[PDB]
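**Q** According to the working numbering, the sequence shown is numbered sequentially starting from 1332.
Ideal Cβ positions, reconstructed from N, Cα and C, are used throughout, including at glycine.
Quick one: this structure, given as structure tokens, is what I'll be asking you about.
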Amino acid sequence: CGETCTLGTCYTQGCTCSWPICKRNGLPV
């Protein structure tokens, strides 16, 4: 995802807020 949910949210849909980072299906893409 690259993005981070330091706040607890993600800007990229489909990506889960795995604080601090956003992961996608278990992948920091």
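#1: For the putative contact between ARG1355 and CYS1332, defined by C-beta atoms under 8 Å, what is the C-beta separation to the nearest angstrom?
#2: Could you tell me whether the Cβ atoms of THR1347 and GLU1334 are closer together than 9 Å?
#3: Run through DSSP, which three-state label would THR1347 get?
#4: Pull up the DSSP beta-bridge partners for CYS1341, would you.
**A** The structure says:
#1: 5 Å
#2: no
#3: strand
#4: None, per the DSSP bridge assignment.
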